[PDB]
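Trainee: Only the shape, not the letters, is given here:
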Ligand SMILES: C[C@@]1(c2cc(NC(=O)c3ccc(Cl)cn3)ccc2F)CCSC(N)=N1
Ligand code: NA
(Lines give C-alpha, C1' and ligand atoms only; values in the text may rest on other atoms or scores of the structure.)
(Ligands and ions follow the chains in the order given, each with its own letter.)
Protein backbone atom coordinates (compact mmCIF):
# COMPACT_ATOMS: atom_id res chain seq x y z
CA UNK A 1 0.00 0.00 0.00
CA UNK A 2 1.09 3.58 -0.80
CA UNK A 3 3.80 3.04 -3.45
CA UNK A 4 3.70 0.86 -6.58
CA UNK A 5 6.86 1.69 -8.63
CA UNK A 6 6.34 -1.12 -11.18
CA UNK A 7 2.88 0.25 -12.13
CA UNK A 8 4.06 3.89 -12.51
CA UNK A 9 4.17 4.93 -16.21
CA UNK A 10 2.35 1.75 -17.40
CA UNK A 11 0.01 3.80 -19.63
CA UNK A 12 0.79 5.08 -23.12
CA UNK A 13 -1.07 6.72 -26.00
CA UNK A 14 -1.31 9.42 -28.63
CA UNK A 15 -3.36 12.65 -28.44
CA UNK A 16 -7.00 11.95 -29.26
CA UNK A 17 -6.46 8.16 -29.24
CA UNK A 18 -6.76 7.35 -25.51
CA UNK A 19 -4.69 5.55 -22.90
CA UNK A 20 -3.75 1.92 -23.23
CA UNK A 21 -2.10 -0.63 -20.92
CA UNK A 22 -0.11 -3.76 -21.81
CA UNK A 23 -1.97 -7.01 -21.18
CA UNK A 24 -1.39 -10.70 -21.91
CA UNK A 25 -4.10 -13.14 -22.94
CA UNK A 26 -3.85 -16.95 -23.23
CA UNK A 27 -1.20 -19.66 -22.71
CA UNK A 28 1.43 -19.08 -23.92
CA UNK A 29 0.85 -15.32 -23.28
CA UNK A 30 -0.11 -13.07 -26.22
CA UNK A 31 0.82 -9.41 -25.69
CA UNK A 32 -1.84 -6.80 -26.53
CA UNK A 33 -2.27 -3.08 -25.98
CA UNK A 34 -5.63 -2.45 -24.41
CA UNK A 35 -7.54 0.84 -24.06
CA UNK A 36 -8.40 1.76 -20.46
CA UNK A 37 -12.14 2.54 -20.38
CA UNK A 38 -14.04 3.44 -17.20
CA UNK A 39 -17.12 4.11 -19.37
CA UNK A 40 -17.84 0.51 -20.38
CA UNK A 41 -17.78 -2.98 -18.86
CA UNK A 42 -16.56 -5.41 -21.52
CA UNK A 43 -13.15 -6.88 -22.09
CA UNK A 44 -13.18 -7.05 -25.90
CA UNK A 45 -10.10 -7.69 -28.04
CA UNK A 46 -9.48 -7.88 -31.78
CA UNK A 47 -9.40 -11.54 -32.83
CA UNK A 48 -9.18 -11.13 -36.63
CA UNK A 49 -6.71 -9.51 -39.07
CA UNK A 50 -8.40 -6.14 -39.40
CA UNK A 51 -5.90 -3.96 -41.42
CA UNK A 52 -5.83 -1.23 -38.70
CA UNK A 53 -4.49 -3.71 -36.09
CA UNK A 54 -0.85 -4.30 -35.12
CA UNK A 55 -1.85 -7.67 -33.64
CA UNK A 56 -4.87 -9.66 -32.46
CA UNK A 57 -5.98 -12.50 -30.18
CA UNK A 58 -5.34 -15.89 -31.80
CA UNK A 59 -7.52 -18.32 -29.84
CA UNK A 60 -6.06 -21.35 -31.70
CA UNK A 61 -2.66 -20.68 -30.05
CA UNK A 62 -4.03 -20.79 -26.50
CA UNK A 63 -4.33 -24.05 -24.50
CA UNK A 64 -6.28 -22.26 -21.74
CA UNK A 65 -8.97 -20.82 -24.06
CA UNK A 66 -12.57 -21.89 -23.32
CA UNK A 67 -15.54 -21.29 -25.63
CA UNK A 68 -18.71 -19.95 -24.03
CA UNK A 69 -20.48 -20.68 -27.39
CA UNK A 70 -22.26 -17.31 -27.29
CA UNK A 71 -22.20 -14.24 -29.52
CA UNK A 72 -22.41 -10.54 -28.59
CA UNK A 73 -23.43 -7.57 -30.77
CA UNK A 74 -22.53 -4.07 -29.49
CA UNK A 75 -23.80 -1.05 -31.48
CA UNK A 76 -22.76 2.44 -30.33
CA UNK A 77 -24.06 5.90 -31.36
CA UNK A 78 -21.42 5.92 -34.13
CA UNK A 79 -20.01 2.46 -34.91
CA UNK A 80 -20.24 -1.16 -33.69
CA UNK A 81 -18.44 -4.36 -32.71
CA UNK A 82 -19.42 -8.01 -32.77
CA UNK A 83 -17.65 -10.92 -31.11
CA UNK A 84 -17.61 -14.43 -29.71
CA UNK A 85 -17.56 -14.85 -25.93
CA UNK A 86 -15.01 -16.98 -24.14
CA UNK A 87 -12.66 -17.14 -21.16
CA UNK A 88 -8.88 -17.29 -20.91
CA UNK A 89 -6.00 -16.53 -18.55
CA UNK A 90 -5.34 -12.78 -18.36
CA UNK A 91 -2.30 -11.01 -16.88
CA UNK A 92 -1.00 -7.40 -16.69
CA UNK A 93 2.86 -7.25 -17.11
CA UNK A 94 3.18 -3.83 -15.41
CA UNK A 95 0.39 -4.45 -12.88
CA UNK A 96 -0.13 -6.89 -9.97
CA UNK A 97 1.77 -10.19 -10.04
CA UNK A 98 -1.32 -12.35 -10.69
CA UNK A 99 -3.11 -14.33 -13.41
CA UNK A 100 -6.91 -14.34 -13.73
CA UNK A 101 -9.47 -16.32 -15.73
CA UNK A 102 -11.50 -13.54 -17.35
CA UNK A 103 -14.28 -13.11 -19.88
CA UNK A 104 -13.02 -12.15 -23.35
CA UNK A 105 -15.16 -10.95 -26.22
CA UNK A 106 -13.22 -12.02 -29.32
CA UNK A 107 -13.97 -9.27 -31.87
CA UNK A 108 -14.71 -10.76 -35.31
CA UNK A 109 -16.52 -7.82 -37.00
CA UNK A 110 -16.51 -4.06 -36.31
CA UNK A 111 -17.21 -0.66 -37.86
CA UNK A 112 -15.64 2.68 -36.75
CA UNK A 113 -14.29 0.90 -33.63
CA UNK A 114 -10.54 0.46 -34.16
CA UNK A 115 -8.65 3.64 -35.03
CA UNK A 116 -6.51 3.80 -38.17
CA UNK A 117 -3.02 4.67 -36.91
CA UNK A 118 -3.56 3.73 -33.25
CA UNK A 119 -1.44 1.35 -31.17
CA UNK A 120 -4.21 -0.53 -29.30
CA UNK A 121 -6.12 -3.69 -30.27
CA UNK A 122 -8.76 -4.05 -27.54
CA UNK A 123 -10.70 -2.35 -24.77
CA UNK A 124 -10.70 -2.90 -21.00
CA UNK A 125 -14.15 -2.00 -19.74
CA UNK A 126 -13.65 -1.11 -16.07
CA UNK A 127 -17.23 -0.17 -15.12
CA UNK A 128 -19.85 -2.48 -13.54
CA UNK A 129 -21.76 -5.61 -14.63
CA UNK A 130 -25.09 -3.74 -15.06
CA UNK A 131 -23.94 -2.26 -18.41
CA UNK A 132 -22.00 -5.32 -19.64
CA UNK A 133 -23.08 -6.78 -22.98
CA UNK A 134 -25.05 -8.88 -23.53
CA UNK A 135 -26.16 -8.73 -19.84
CA UNK A 136 -25.06 -8.47 -16.16
CA UNK A 137 -24.21 -12.18 -15.89
CA UNK A 138 -21.06 -11.56 -17.97
CA UNK A 139 -18.59 -10.76 -15.19
CA UNK A 140 -16.34 -7.73 -16.00
CA UNK A 141 -12.56 -8.16 -15.78
CA UNK A 142 -12.03 -6.21 -12.52
CA UNK A 143 -14.81 -8.14 -10.77
CA UNK A 144 -13.00 -11.36 -11.83
CA UNK A 145 -9.65 -9.96 -10.68
CA UNK A 146 -10.93 -9.13 -7.15
CA UNK A 147 -12.89 -12.43 -6.84
CA UNK A 148 -9.89 -14.62 -7.79
CA UNK A 149 -7.03 -12.76 -6.03
CA UNK A 150 -6.15 -10.70 -2.90
CA UNK A 151 -5.91 -7.48 -5.00
CA UNK A 152 -7.88 -4.75 -3.15
CA UNK A 153 -11.11 -3.63 -4.80
CA UNK A 154 -9.76 -0.30 -6.02
CA UNK A 155 -7.79 1.16 -8.91
CA UNK A 156 -6.57 4.68 -9.66
CA UNK A 157 -5.73 6.62 -12.82
CA UNK A 158 -3.24 9.35 -13.55
CA UNK A 159 -3.77 10.46 -17.16
CA UNK A 160 -0.99 12.93 -18.04
CA UNK A 161 -1.80 14.29 -21.52
CA UNK A 162 0.04 16.98 -23.53
CA UNK A 163 2.96 13.94 -29.32
CA UNK A 164 2.94 10.96 -26.88
CA UNK A 165 0.81 10.94 -23.72
CA UNK A 166 1.58 8.81 -20.64
CA UNK A 167 0.19 7.93 -17.23
CA UNK A 168 -0.34 5.32 -14.54
CA UNK A 169 -2.98 2.76 -13.73
CA UNK A 170 -2.47 1.63 -10.14
CA UNK A 171 -4.32 -1.65 -9.74
CA UNK A 172 -5.37 -2.39 -6.14
CA UNK A 173 -3.94 0.76 -4.60
CA UNK A 174 -3.04 4.41 -4.45
CA UNK A 175 0.42 5.86 -5.12
CA UNK A 176 0.93 9.07 -3.09
CA UNK A 177 3.71 10.35 -5.36
CA UNK A 178 1.14 10.72 -8.17
CA UNK A 179 -0.79 13.61 -6.54
CA UNK A 180 -0.33 16.74 -4.42
CA UNK A 181 -2.50 17.92 -1.50
CA UNK A 182 -5.44 15.81 -0.35
CA UNK A 183 -7.88 13.41 -1.98
CA UNK A 184 -11.56 14.43 -1.88
CA UNK A 185 -14.21 11.76 -2.38
CA UNK A 186 -17.53 11.87 -4.20
CA UNK A 187 -20.07 9.03 -3.73
CA UNK A 188 -20.67 6.61 -6.59
CA UNK A 189 -24.44 7.14 -6.91
CA UNK A 190 -25.03 3.76 -8.54
CA UNK A 191 -22.70 0.97 -9.59
CA UNK A 192 -23.30 0.77 -13.37
CA UNK A 193 -21.29 3.54 -14.95
CA UNK A 194 -19.10 5.41 -12.47
CA UNK A 195 -22.03 7.74 -11.78
CA UNK A 196 -21.54 10.91 -9.75
CA UNK A 197 -23.58 14.02 -8.88
CA UNK A 198 -22.50 17.54 -9.87
CA UNK A 199 -24.08 20.07 -7.50
CA UNK A 200 -22.68 23.40 -8.81
CA UNK A 201 -20.89 24.77 -11.91
CA UNK A 202 -18.70 27.89 -12.06
CA UNK A 203 -16.91 29.62 -14.94
CA UNK A 204 -14.11 31.81 -13.47
CA UNK A 205 -15.90 31.63 -10.08
CA UNK A 206 -19.17 32.83 -11.62
CA UNK A 207 -22.02 30.42 -10.85
CA UNK A 208 -24.14 29.32 -13.83
CA UNK A 209 -27.24 29.63 -11.55
CA UNK A 210 -29.04 26.61 -13.08
CA UNK A 211 -31.26 24.01 -11.40
CA UNK A 212 -28.59 21.47 -10.39
CA UNK A 213 -30.77 18.67 -11.87
CA UNK A 214 -29.75 19.98 -15.32
CA UNK A 215 -26.05 19.27 -14.55
CA UNK A 216 -26.86 15.56 -14.21
CA UNK A 217 -29.55 15.17 -16.89
CA UNK A 218 -29.79 12.30 -17.37
CA UNK A 219 -26.56 11.21 -15.59
CA UNK A 220 -22.98 12.31 -14.84
CA UNK A 221 -20.14 9.84 -15.30
CA UNK A 222 -16.34 9.63 -15.04
CA UNK A 223 -15.06 8.17 -18.30
CA UNK A 224 -11.43 7.59 -19.34
CA UNK A 225 -12.75 6.36 -22.72
CA UNK A 226 -13.91 9.85 -23.77
CA UNK A 227 -11.72 12.85 -24.70
CA UNK A 228 -14.23 15.65 -24.12
CA UNK A 229 -15.97 17.23 -21.21
CA UNK A 230 -19.45 16.51 -22.45
CA UNK A 231 -22.26 18.63 -20.96
CA UNK A 232 -26.07 18.32 -21.29
CA UNK A 233 -27.25 20.65 -24.06
CA UNK A 234 -28.85 23.27 -21.78
CA UNK A 235 -25.74 23.31 -19.51
CA UNK A 236 -23.41 23.48 -22.54
CA UNK A 237 -25.44 26.38 -24.00
CA UNK A 238 -25.10 28.39 -20.78
CA UNK A 239 -21.43 27.40 -20.16
CA UNK A 240 -20.31 28.51 -23.66
CA UNK A 241 -22.24 31.80 -23.30
CA UNK A 242 -20.29 32.44 -20.05
CA UNK A 243 -16.97 31.21 -21.55
CA UNK A 244 -17.64 33.50 -24.57
CA UNK A 245 -18.15 36.53 -22.25
CA UNK A 246 -15.10 35.71 -20.08
CA UNK A 247 -12.86 35.41 -23.20
CA UNK A 248 -13.99 38.68 -24.90
CA UNK A 249 -10.42 40.06 -25.40
CA UNK A 250 -10.27 37.98 -28.63
CA UNK A 251 -13.23 36.99 -30.83
CA UNK A 252 -13.72 33.56 -32.44
CA UNK A 253 -16.18 32.12 -35.01
CA UNK A 254 -19.34 30.38 -33.72
CA UNK A 255 -18.17 27.09 -35.31
CA UNK A 256 -15.12 26.90 -33.01
CA UNK A 257 -17.37 26.72 -29.91
CA UNK A 258 -19.37 23.91 -31.55
CA UNK A 259 -16.20 21.98 -32.52
CA UNK A 260 -16.93 22.47 -36.25
CA UNK A 261 -13.60 24.24 -36.87
CA UNK A 262 -10.22 24.69 -35.13
CA UNK A 263 -8.55 27.95 -34.08
CA UNK A 264 -4.83 28.46 -34.73
CA UNK A 265 -2.26 30.80 -33.16
CA UNK A 266 1.44 31.37 -33.93
CA UNK A 267 3.78 29.00 -32.03
CA UNK A 268 4.24 29.87 -28.34
CA UNK A 269 1.85 32.84 -28.66
CA UNK A 270 -1.20 30.96 -27.26
CA UNK A 271 -3.24 33.18 -24.89
CA UNK A 272 -4.19 30.86 -21.98
CA UNK A 273 -4.95 33.81 -19.68
CA UNK A 274 -7.87 35.12 -21.80
CA UNK A 275 -9.61 31.74 -21.23
CA UNK A 276 -11.53 31.07 -17.96
CA UNK A 277 -11.16 28.23 -15.43
CA UNK A 278 -14.02 25.71 -15.15
CA UNK A 279 -15.22 24.45 -11.77
CA UNK A 280 -17.38 21.47 -10.97
CA UNK A 281 -18.67 21.04 -7.44
CA UNK A 282 -19.23 17.39 -6.59
CA UNK A 283 -21.38 15.85 -3.87
CA UNK A 284 -19.18 15.19 -0.82
CA UNK A 285 -19.15 12.26 1.59
CA UNK A 286 -21.11 14.19 4.25
CA UNK A 287 -24.68 15.57 4.25
CA UNK A 288 -24.62 19.21 3.01
CA UNK A 289 -20.87 19.05 2.26
CA UNK A 290 -19.30 19.46 -1.19
CA UNK A 291 -15.94 20.02 -2.87
CA UNK A 292 -14.79 21.71 -6.04
CA UNK A 293 -12.59 20.48 -8.90
CA UNK A 294 -11.12 23.14 -11.25
CA UNK A 295 -9.63 22.72 -14.75
CA UNK A 296 -7.66 25.09 -16.99
CA UNK A 297 -7.79 25.93 -20.75
CA UNK A 298 -4.78 23.56 -20.99
CA UNK A 299 -7.35 20.80 -20.33
CA UNK A 300 -10.25 21.94 -22.57
CA UNK A 301 -8.25 23.31 -25.54
CA UNK A 302 -6.65 20.22 -27.11
CA UNK A 303 -3.62 20.51 -29.38
CA UNK A 304 -4.36 19.11 -32.81
CA UNK A 305 -1.10 18.14 -34.42
CA UNK A 306 -2.42 16.25 -37.45
CA UNK A 307 -3.42 19.33 -39.46
CA UNK A 308 -1.53 19.38 -42.78
CA UNK A 309 -3.42 22.26 -44.28
CA UNK A 310 -1.92 24.42 -41.46
CA UNK A 311 1.63 24.94 -40.07
CA UNK A 312 0.65 26.73 -36.80
CA UNK A 313 -0.48 25.69 -33.28
CA UNK A 314 -4.15 24.70 -33.74
CA UNK A 315 -6.62 23.74 -30.99
CA UNK A 316 -10.00 22.04 -30.72
CA UNK A 317 -12.58 23.20 -28.17
CA UNK A 318 -13.07 19.98 -26.22
CA UNK A 319 -16.21 20.92 -24.32
CA UNK A 320 -19.23 19.66 -26.23
CA UNK A 321 -22.99 19.21 -25.98
CA UNK A 322 -24.41 15.82 -25.00
CA UNK A 323 -27.65 13.87 -24.94
CA UNK A 324 -26.32 11.17 -22.59
CA UNK A 325 -25.60 13.43 -19.58
CA UNK A 326 -22.30 14.83 -18.30
CA UNK A 327 -19.24 12.88 -19.36
CA UNK A 328 -16.16 13.72 -17.32
CA UNK A 329 -13.67 12.59 -19.93
CA UNK A 330 -9.94 13.16 -20.38
CA UNK A 331 -10.58 16.95 -20.26
CA UNK A 332 -11.43 16.49 -16.57
CA UNK A 333 -9.23 13.48 -15.73
CA UNK A 334 -5.94 14.94 -17.06
CA UNK A 335 -6.01 17.58 -14.29
CA UNK A 336 -6.40 14.98 -11.53
CA UNK A 337 -5.36 11.76 -9.87
CA UNK A 338 -8.64 9.84 -9.86
CA UNK A 339 -9.28 7.06 -7.34
CA UNK A 340 -12.02 4.61 -8.27
CA UNK A 341 -12.59 3.35 -4.70
CA UNK A 342 -14.96 0.48 -5.51
CA UNK A 343 -14.78 -1.08 -2.01
CA UNK A 344 -16.26 2.11 -0.47
CA UNK A 345 -18.47 3.14 -3.44
CA UNK A 346 -16.73 6.49 -3.98
CA UNK A 347 -14.37 8.30 -6.34
CA UNK A 348 -11.45 10.41 -5.09
CA UNK A 349 -9.99 13.44 -6.84
CA UNK A 350 -6.66 15.12 -6.11
CA UNK A 351 -4.44 17.55 -8.03
CA UNK A 352 -2.32 15.52 -10.47
CA UNK A 353 1.47 15.78 -10.04
CA UNK A 354 1.72 15.58 -13.88
CA UNK A 355 -1.10 17.91 -15.08
CA UNK A 356 -0.26 20.63 -17.61
CA UNK A 357 -0.38 24.21 -16.31
CA UNK A 358 1.24 27.65 -16.57
CA UNK A 359 2.92 29.68 -13.80
CA UNK A 360 -0.24 31.75 -13.08
CA UNK A 361 -2.89 29.03 -12.58
CA UNK A 362 -2.97 25.34 -11.56
CA UNK A 363 -5.73 22.72 -11.50
CA UNK A 364 -7.28 22.53 -8.04
CA UNK A 365 -9.27 20.29 -5.70
CA UNK A 366 -10.74 22.34 -2.85
CA UNK A 367 -13.16 21.93 0.09
CA UNK A 368 -15.19 21.73 2.16
CA UNK A 369 -18.10 23.80 0.79
CA UNK A 370 -21.67 24.12 2.06
CA UNK A 371 -24.27 22.90 -0.46
CA UNK A 372 -27.91 22.15 0.35
CA UNK A 373 -30.36 19.83 -1.50
CA UNK A 374 -27.57 17.83 -3.17
CA UNK A 375 -29.74 14.68 -3.36
CA UNK A 376 -32.25 16.66 -5.46
CA UNK A 377 -29.49 17.24 -8.06
CA UNK A 378 -29.70 13.59 -9.19
CA UNK A 379 -32.05 12.56 -12.01
CA UNK A 380 -34.84 10.00 -11.52
CA UNK A 381 -37.43 8.32 -13.86
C1 LIG B 1 -16.82 1.71 -25.67
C2 LIG B 1 -16.59 3.20 -25.90
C3 LIG B 1 -15.40 3.44 -26.83
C4 LIG B 1 -14.42 4.38 -26.51
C5 LIG B 1 -13.33 4.63 -27.35
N6 LIG B 1 -12.44 5.56 -26.91
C7 LIG B 1 -11.46 6.20 -27.57
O8 LIG B 1 -11.09 5.94 -28.70
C9 LIG B 1 -10.77 7.30 -26.82
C10 LIG B 1 -10.10 8.34 -27.49
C11 LIG B 1 -9.48 9.33 -26.71
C12 LIG B 1 -9.55 9.25 -25.31
CL13 LIG B 1 -8.76 10.47 -24.25
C14 LIG B 1 -10.22 8.20 -24.70
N15 LIG B 1 -10.80 7.26 -25.46
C16 LIG B 1 -13.18 3.92 -28.55
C17 LIG B 1 -14.11 2.96 -28.94
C18 LIG B 1 -15.22 2.70 -28.13
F19 LIG B 1 -16.11 1.78 -28.52
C20 LIG B 1 -17.85 3.78 -26.58
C21 LIG B 1 -17.83 5.32 -26.66
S22 LIG B 1 -17.57 5.98 -25.04
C23 LIG B 1 -16.73 4.87 -24.10
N24 LIG B 1 -16.46 5.17 -22.83
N25 LIG B 1 -16.34 3.75 -24.56
NA1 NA C 1 -17.01 4.49 -31.30
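Mentor: Looks like it arrived, so ask away. Numbers count the residues shown, from 1 in each chain. Ligands and ions are numbered 1, 2, ... in the order given.
Trainee: Within range of ligand 1, give me the residues from the stretch 101-250 of the chain.
Mentor: Contact residues, the stretch 101-250 of the chain versus ligand 1 (CB under 6 Å from any ligand atom): 113, 123, 223, 225, 226, 227. In short, each C-beta sits where N, CA and C put it, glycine included.
Trainee: Dump the residues you listed to CSV, plus secondary structure and neighbour count.
Mentor: Output for these, formatted as CSV (DSSP: H, G, I helix; E, B strand; the rest coil; neighbours: other CB atoms under 10 Å):
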residue, secondary structure, neighbour count
113, coil, 19
123, strand, 25
223, coil, 24
225, coil, 20
226, coil, 24
227, coil, 19
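Trainee: I'd like to know which of those is nearest to ligand 2.
Mentor: residue 113 (5.9 Å; CB to the ion).
Trainee: Cross-check the contact I'm expecting between the closest one and residue 82.
Mentor: No: counting by CB atoms under 8 Å, residue 113 stays clear of residue 82, with 9.6 Å between them.
Trainee: which neighbours do the two share?
Mentor: residue 107 (CB atoms under 8 Å, 6 or more residues apart in numbering).
Trainee: which helices and strands does the helix or strand harbouring residue 244 pack with?
Mentor: Using DSSP states H and E, residue 244 maps to helix 233-246. If you count contacts as 3 or more CB pairs under 8 Å, 6 or more residues apart in numbering; DSSP states H and E, helix 233-246 packs onto strand 198-203, helix 254-257, strand 319-322.
Trainee: How far off centre is whichever helix or strand comes after the second one?
Mentor: I take that to be helix 254-257. Sequence order places strand 263-265 as the next helix or strand after helix 254-257, per DSSP H and E. Offset of strand 263-265 from its chain centre (CA atoms, centre = their mean, to the nearest Å): 26 Å.
Trainee: and whatever helix or strand comes next after strand 263-265, what does it pack onto?
Mentor: Note on strand 263-265: by DSSP H and E, the next helix or strand toward the C-terminus is strand 278-283. If contacts are counted by 3+ CB pairs under 8 Å, 6+ apart, strand 278-283 sits against strand 179-187, strand 198-203, strand 289-295.
Trainee: Sheet partners, orientation included, of strand 278-283?
Mentor: strand 198-203 (antiparallel), strand 289-295 (antiparallel) (DSSP bridges).
Trainee: List the contacts of that strand.
Mentor: For strand 278-283, using CB under 8 Å, 6+ apart, the contacting residues are 184, 186-187, 196-203, 205, 229, 239, 243, 290-295, 300, 319, 328, 332, 349, 369, 371, 374, 377.
Trainee: Buried only: go through the residues you listed for me.
Mentor: If you count burial by 16 or more other CB atoms under 10 Å, the buried members of the contacts of strand 278-283 come out as 184, 186-187, 196-203, 229, 239, 243, 290-295, 300, 319, 328, 332, 349, 371, 374, 377.
Trainee: OK, now which residue of the stretch 1-150 of the chain is nearest to ligand 1?
Mentor: residue 39 (2.5 Å; CB to the nearest ligand atom).
Trainee: Can you classify that residue by secondary structure?
Mentor: coil (DSSP: H, G, I helix; E, B strand; the rest coil).
Trainee: The stretch 51-200 of the chain against ligand 2: which residues are in contact?
Mentor: 76, 79 (CB under 5 Å from the ion).
Trainee: rerun that using 6 Å as the cut-off
Mentor: Taking CB under 6 Å from the ion, the part of the stretch 51-200 of the chain that reaches ligand 2 is made up of 76, 78, 79, 112, 113.
Trainee: mind checking how far residue 374 is from residue 289?
Mentor: 9 Å (CB to CB, to the nearest Å).
Trainee: got it, and residue 169?
Mentor: Counting by CB to CB, the gap from residue 169 to residue 289 is 29 Å.
Trainee: And for residue 302?
Mentor: 33 Å.
Trainee: And the two? Which one has more around it.
Mentor: The neighbour count for residue 302 versus residue 289, taken as other CB atoms under 10 Å, is higher for residue 302 (23 against 15).
Trainee: Against residue 115, how distant is the more buried one?
Mentor: 16 Å.
Trainee: how many other residues sit next to residue 330?
Mentor: Other residues close to residue 330 by other CB under 10 Å number 26.
Trainee: Perfect, that will be all.
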